[PDB]
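Visitor: Sharing data15.txt, compact mmCIF, C-alpha atoms and all ligand atoms:
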```
# COMPACT_ATOMS: atom_id res chain seq x y z
CA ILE C 1 -66.64 -9.41 -154.63
CA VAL C 2 -70.22 -9.64 -153.33
CA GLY C 3 -71.67 -13.05 -152.44
CA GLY C 4 -68.47 -14.97 -153.16
CA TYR C 5 -66.18 -17.09 -151.03
CA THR C 6 -62.68 -17.04 -149.58
CA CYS C 7 -60.44 -18.37 -152.35
CA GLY C 8 -57.78 -19.83 -150.11
CA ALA C 9 -54.26 -18.46 -149.93
CA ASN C 10 -52.53 -18.39 -153.33
CA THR C 11 -55.11 -20.62 -155.06
CA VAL C 12 -55.38 -17.80 -157.64
CA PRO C 13 -51.66 -17.34 -158.30
CA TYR C 14 -52.09 -15.00 -161.25
CA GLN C 15 -54.05 -12.49 -159.20
CA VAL C 16 -52.19 -9.26 -158.46
CA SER C 17 -52.97 -6.21 -156.35
CA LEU C 18 -52.11 -2.83 -157.77
CA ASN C 19 -50.90 -0.63 -154.97
CA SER C 20 -50.38 3.16 -154.99
CA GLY C 21 -50.00 3.53 -151.25
CA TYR C 22 -53.14 1.36 -150.89
CA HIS C 23 -54.82 -1.41 -152.90
CA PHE C 24 -56.91 0.20 -155.62
CA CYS C 25 -57.27 -2.36 -158.44
CA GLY C 26 -56.58 -5.93 -159.42
CA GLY C 27 -54.72 -7.37 -162.33
CA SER C 28 -53.65 -10.64 -163.94
CA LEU C 29 -50.04 -11.78 -164.36
CA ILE C 30 -49.68 -13.02 -167.95
CA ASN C 31 -45.94 -13.73 -167.90
CA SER C 32 -42.98 -12.94 -165.62
CA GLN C 33 -42.90 -9.28 -166.65
CA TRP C 34 -46.42 -8.23 -167.64
CA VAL C 35 -49.74 -7.63 -165.94
CA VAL C 36 -53.10 -7.08 -167.58
CA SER C 37 -55.56 -4.78 -165.86
CA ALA C 38 -58.27 -2.24 -166.68
CA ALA C 39 -57.39 1.05 -168.34
CA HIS C 40 -59.71 2.74 -165.86
CA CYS C 41 -57.23 1.60 -163.17
CA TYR C 42 -54.49 3.69 -164.78
CA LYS C 43 -52.38 5.79 -162.51
CA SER C 44 -48.73 6.70 -162.16
CA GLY C 45 -46.55 5.13 -159.44
CA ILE C 46 -47.99 1.63 -159.47
CA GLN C 47 -46.46 -1.10 -157.39
CA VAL C 48 -47.54 -4.57 -158.38
CA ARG C 49 -48.07 -7.01 -155.53
CA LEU C 50 -47.91 -10.67 -156.35
CA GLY C 51 -48.43 -13.71 -154.19
CA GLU C 52 -50.97 -11.88 -152.05
CA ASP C 53 -53.64 -13.39 -149.85
CA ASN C 54 -54.15 -11.01 -146.94
CA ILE C 55 -53.34 -7.65 -148.55
CA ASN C 56 -52.90 -6.04 -145.09
CA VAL C 57 -50.37 -8.55 -143.67
CA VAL C 58 -47.03 -9.68 -145.01
CA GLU C 59 -47.44 -13.49 -144.94
CA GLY C 60 -44.17 -14.41 -146.65
CA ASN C 61 -45.02 -15.30 -150.27
CA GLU C 62 -45.39 -11.77 -151.65
CA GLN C 63 -43.34 -10.15 -154.34
CA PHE C 64 -43.63 -6.37 -154.55
CA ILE C 65 -42.38 -5.03 -157.89
CA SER C 66 -42.73 -1.46 -159.20
CA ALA C 67 -44.18 -0.86 -162.63
CA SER C 68 -41.73 0.49 -165.16
CA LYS C 69 -44.29 1.23 -167.88
CA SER C 70 -48.08 1.37 -168.25
CA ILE C 71 -49.72 1.09 -171.62
CA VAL C 72 -53.34 1.99 -171.96
CA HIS C 73 -55.16 0.59 -174.98
CA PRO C 74 -54.90 3.20 -177.74
CA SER C 75 -58.69 3.23 -178.24
CA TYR C 76 -59.64 3.26 -174.57
CA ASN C 77 -62.67 5.49 -174.04
CA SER C 78 -63.04 6.53 -170.40
CA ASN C 79 -66.63 7.70 -170.96
CA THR C 80 -67.98 4.40 -172.39
CA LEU C 81 -65.23 2.15 -170.96
CA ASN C 82 -64.84 0.67 -174.46
CA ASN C 83 -61.43 -1.07 -174.62
CA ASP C 84 -60.92 -0.99 -170.86
CA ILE C 85 -57.61 -2.76 -170.86
CA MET C 86 -54.05 -1.78 -170.04
CA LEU C 87 -50.71 -3.50 -169.76
CA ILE C 88 -48.28 -2.91 -166.93
CA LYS C 89 -44.66 -3.93 -167.22
CA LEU C 90 -42.72 -4.85 -164.08
CA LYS C 91 -39.29 -3.28 -163.48
CA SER C 92 -37.97 -6.77 -162.83
CA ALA C 93 -39.28 -10.23 -163.67
CA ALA C 94 -41.37 -12.02 -161.09
CA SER C 95 -40.18 -15.39 -159.81
CA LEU C 96 -42.84 -17.83 -160.93
CA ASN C 97 -43.55 -20.58 -158.38
CA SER C 98 -46.61 -22.39 -156.98
CA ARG C 99 -47.92 -19.17 -155.37
CA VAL C 100 -47.02 -16.80 -158.23
CA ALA C 101 -47.95 -18.01 -161.70
CA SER C 102 -49.06 -16.57 -165.02
CA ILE C 103 -52.47 -17.06 -166.60
CA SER C 104 -52.82 -18.04 -170.27
CA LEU C 105 -54.27 -15.65 -172.82
CA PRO C 106 -57.22 -17.14 -174.78
CA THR C 107 -56.82 -18.47 -178.32
CA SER C 108 -60.57 -18.17 -178.81
CA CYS C 109 -63.41 -16.38 -177.05
CA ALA C 110 -65.44 -18.06 -174.32
CA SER C 111 -69.01 -19.26 -174.80
CA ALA C 112 -72.16 -18.05 -173.07
CA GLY C 113 -73.04 -20.29 -170.12
CA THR C 114 -69.37 -20.97 -169.33
CA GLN C 115 -68.71 -20.63 -165.62
CA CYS C 116 -65.78 -18.35 -164.88
CA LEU C 117 -63.81 -17.49 -161.80
CA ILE C 118 -63.68 -13.83 -160.80
CA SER C 119 -61.44 -12.71 -157.98
CA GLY C 120 -60.38 -9.68 -156.03
CA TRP C 121 -60.14 -7.60 -152.89
CA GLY C 122 -63.06 -5.34 -153.68
CA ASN C 123 -66.12 -4.36 -151.65
CA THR C 124 -68.10 -7.36 -150.36
CA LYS C 125 -71.43 -5.52 -149.86
CA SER C 126 -74.04 -4.53 -152.47
CA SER C 127 -75.10 -1.57 -150.27
CA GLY C 128 -72.66 -1.17 -147.40
CA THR C 129 -68.92 -0.84 -147.63
CA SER C 130 -66.82 -3.67 -146.28
CA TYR C 131 -63.44 -4.49 -147.78
CA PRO C 132 -62.00 -7.97 -147.07
CA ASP C 133 -58.37 -8.50 -146.26
CA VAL C 134 -58.13 -11.89 -147.97
CA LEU C 135 -58.81 -12.71 -151.60
CA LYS C 136 -62.42 -13.43 -152.50
CA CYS C 137 -63.65 -15.50 -155.39
CA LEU C 138 -66.86 -15.85 -157.31
CA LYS C 139 -67.98 -18.39 -159.86
CA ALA C 140 -70.17 -16.73 -162.42
CA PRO C 141 -71.51 -17.64 -165.86
CA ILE C 142 -71.02 -15.65 -169.03
CA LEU C 143 -74.43 -14.24 -170.01
CA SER C 144 -75.85 -14.19 -173.52
CA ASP C 145 -75.13 -10.96 -175.39
CA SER C 146 -78.86 -10.48 -175.80
CA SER C 147 -79.36 -10.47 -172.01
CA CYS C 148 -76.25 -8.30 -171.55
CA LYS C 149 -77.48 -5.71 -174.08
CA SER C 150 -80.95 -5.84 -172.47
CA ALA C 151 -79.45 -5.16 -169.05
CA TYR C 152 -77.44 -2.20 -170.34
CA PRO C 153 -79.25 -0.80 -173.38
CA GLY C 154 -77.09 1.35 -175.64
CA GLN C 155 -73.96 0.68 -173.56
CA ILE C 156 -72.54 -2.75 -174.51
CA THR C 157 -69.89 -2.89 -177.22
CA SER C 158 -68.46 -5.94 -178.92
CA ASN C 159 -65.45 -5.52 -176.61
CA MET C 160 -67.54 -6.26 -173.51
CA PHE C 161 -69.40 -9.19 -172.04
CA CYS C 162 -71.68 -9.74 -169.07
CA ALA C 163 -71.16 -12.39 -166.43
CA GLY C 164 -73.03 -12.90 -163.22
CA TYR C 165 -76.56 -13.37 -162.03
CA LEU C 166 -79.57 -11.42 -163.20
CA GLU C 167 -81.28 -12.15 -159.88
CA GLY C 168 -78.49 -10.17 -158.21
CA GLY C 169 -76.69 -10.95 -154.98
CA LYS C 170 -73.40 -12.10 -156.55
CA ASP C 171 -71.05 -9.87 -158.47
CA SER C 172 -67.72 -8.16 -158.66
CA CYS C 173 -67.54 -4.63 -157.23
CA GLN C 174 -65.46 -1.48 -156.62
CA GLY C 175 -61.85 -2.49 -155.92
CA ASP C 176 -62.11 -5.70 -158.00
CA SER C 177 -61.65 -3.54 -161.14
CA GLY C 178 -58.80 -4.72 -163.39
CA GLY C 179 -58.97 -8.20 -161.95
CA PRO C 180 -59.33 -11.53 -163.76
CA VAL C 181 -62.23 -13.39 -165.16
CA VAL C 182 -60.80 -16.82 -165.89
CA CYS C 183 -62.80 -19.35 -167.90
CA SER C 184 -61.51 -22.83 -168.74
CA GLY C 185 -58.05 -21.79 -167.51
CA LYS C 186 -57.72 -18.76 -169.85
CA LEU C 187 -58.02 -15.06 -169.03
CA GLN C 188 -61.24 -14.12 -170.83
CA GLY C 189 -62.29 -11.03 -168.94
CA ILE C 190 -61.20 -8.02 -166.98
CA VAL C 191 -63.38 -6.59 -164.23
CA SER C 192 -64.58 -3.38 -165.88
CA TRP C 193 -67.88 -1.91 -164.81
CA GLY C 194 -71.47 -2.41 -163.75
CA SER C 195 -74.34 -0.46 -162.27
CA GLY C 196 -73.65 -0.75 -158.56
CA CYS C 197 -72.76 -4.26 -157.44
CA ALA C 198 -74.92 -7.38 -157.27
CA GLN C 199 -78.05 -5.44 -158.26
CA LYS C 200 -80.97 -7.26 -159.87
CA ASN C 201 -80.82 -7.08 -163.70
CA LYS C 202 -77.40 -5.33 -163.55
CA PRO C 203 -74.70 -8.01 -164.03
CA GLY C 204 -70.99 -7.26 -164.16
CA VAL C 205 -69.55 -6.06 -167.46
CA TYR C 206 -66.08 -7.34 -168.41
CA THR C 207 -63.55 -6.36 -171.00
CA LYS C 208 -63.51 -9.06 -173.66
CA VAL C 209 -59.84 -10.13 -173.55
CA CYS C 210 -59.98 -12.36 -176.62
CA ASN C 211 -60.39 -9.24 -178.83
CA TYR C 212 -57.03 -7.88 -177.56
CA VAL C 213 -54.65 -10.80 -177.85
CA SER C 214 -53.03 -9.45 -181.01
CA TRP C 215 -52.48 -6.06 -179.41
CA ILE C 216 -51.17 -7.67 -176.22
CA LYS C 217 -48.69 -9.88 -178.11
CA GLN C 218 -47.46 -7.07 -180.35
CA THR C 219 -47.11 -4.67 -177.45
CA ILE C 220 -45.19 -7.17 -175.32
CA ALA C 221 -42.91 -7.95 -178.25
CA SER C 222 -41.88 -4.29 -178.46
CA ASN C 223 -41.74 -2.96 -174.91
CA CA Z 1 -49.93 -10.13 -147.80
```
Is it possible to give me this structure as structure tokens?
Ligand SMILES: [Ca+2]
Guide:
Amino acid sequence: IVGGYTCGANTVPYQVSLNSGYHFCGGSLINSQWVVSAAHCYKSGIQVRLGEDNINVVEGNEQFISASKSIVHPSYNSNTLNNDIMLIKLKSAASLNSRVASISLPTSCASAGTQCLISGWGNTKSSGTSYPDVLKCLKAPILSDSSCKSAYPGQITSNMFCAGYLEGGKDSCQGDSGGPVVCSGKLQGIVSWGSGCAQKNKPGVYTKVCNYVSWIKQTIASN
């Protein structure tokens, strides 16, 4: 996250770190057994880390649970990042508490102008590289589809939305991928892509979670 703020330990209790020997992606806990992340974060041997603040220090509220199963959206296109969404099942249920908690799926899509909360452990510089150890947060508005499509001509599908700041300076970035965009207490977005981070006229592009609820519910009901 570029140009954000320190969330505060476990103030984002649905935030998870995907770990494959190292943090590589975020995710969102949607119930005690299932995490939503980005399909582009797919890899084998995922360990899900819940209750994280400092990802480099065991602080005492973590739960580390291996993934049993990863399910990439059947129409995920790695070239266009259309349908950049995947589900990860935990080998054992998380214990939900004040520090580890699920985020609601949306019943309806969020409106342009809505301010959302984006979070993760990704790069904090638009040019440099500097990874934080503690969870960073950003408040960012959903942009109109017209401004989104104008920012990324020929590249925005109906399964994507833009959020952020056209002036630049504030954005999600590498290592935030898969993480949550929460608006009005519902998971509306997944950190997906963007051209660099926090660049002028290049806002973040997010998977549009409300298009996937039916798939998520059906998948969870069968796996
Ligand atoms: Ca920790």
Visitor: Would you compute the distance between atom CA of residue 122 of chain C and atom CA of residue 13 of chain C? Give it in Å to one decimal.
Guide: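 Between these atoms lies a distance of 17.2 Å.
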Visitor: With all atoms listed in the file as the basis for distance, which of C:133, C:84, C:176, C:145 is at the shortest distance from ligand CA 1 (chain Z)?
Guide: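 Of the candidates, the smallest distance to ligand CA 1 (chain Z) is held by C:133.
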Visitor: Neighbouring residues of residue 81 of chain C were defined as those with any atom within 8 Å, considering only C-alpha atoms; residues of the same chain fewer than 3 positions away were excluded. Please report them as a tab-separated table (two decimals) with C-alpha atoms, in the coordinates of the input.
Guide:
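Generated file (selection-v3.tsv):
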```tsv
chain	number	residue	atom	x	y	z
C	40	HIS	CA	-59.71	2.74	-165.86
C	76	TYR	CA	-59.64	3.26	-174.57
C	77	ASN	CA	-62.67	5.49	-174.04
C	78	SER	CA	-63.04	6.53	-170.40
C	84	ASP	CA	-60.92	-0.99	-170.86
C	192	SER	CA	-64.58	-3.38	-165.88
C	193	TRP	CA	-67.88	-1.91	-164.81
```
Visitor: Quick one: residues within 8 Å of residue 86 of chain C, all atoms listed in the file counted, chain neighbours fewer than 5 positions away excluded, as a VMD selection string?
Guide: chain C and resid 36 to 39 42 70 to 73
Visitor: Counting only C-alpha atoms and all ligand atoms, name the residues that have an atom within 8 Å of an atom of ligand CA 1 (chain Z); the answer should be given as number ranges by chain.
Guide: C: 51-62
Visitor: Which is closest to residue 211 of chain C among C:79, C:8, C:108, C:196, if we use only C-alpha atoms?
Guide: C:108
Visitor: Atom CA of residue 111 of chain C and atom CA of residue 7 of chain C are how many Å apart?
Guide: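 The value is 24.0 Å.
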Visitor: Residue 185 of chain C: which residues within 10 Å, counting all atoms listed in the file, same-chain residues fewer than 4 positions away excluded, as a compact mmCIF listing (two decimals) with C-alpha atoms, in the coordinates of the input?
Guide:
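Result saved to out_33.txt:
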```txt
# COMPACT_ATOMS: atom_id res chain seq x y z
CA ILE C 103 -52.47 -17.06 -166.60
CA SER C 104 -52.82 -18.04 -170.27
CA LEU C 105 -54.27 -15.65 -172.82
CA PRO C 106 -57.22 -17.14 -174.78
CA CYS C 116 -65.78 -18.35 -164.88
CA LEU C 117 -63.81 -17.49 -161.80
CA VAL C 181 -62.23 -13.39 -165.16
```
Visitor: Nearest residue to residue 203 of chain C out of C:140, C:16, C:221, C:96, using all atoms listed in the file?
Guide: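 The answer is C:140, which sits nearest to residue 203 of chain C.
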Visitor: Between C:107, C:82, C:129, C:63, which is the closest to residue 15 of chain C once you count all atoms listed in the file?
Guide: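 For residue 15 of chain C, the nearest of the given residues is C:63.
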Visitor: By how many Å are atom CA of residue 99 of chain C and atom CA of residue 209 of chain C apart?
Guide: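 Taking atom CA of residue 99 of chain C as the start and atom CA of residue 209 of chain C as the end point, the length is 23.5 Å.
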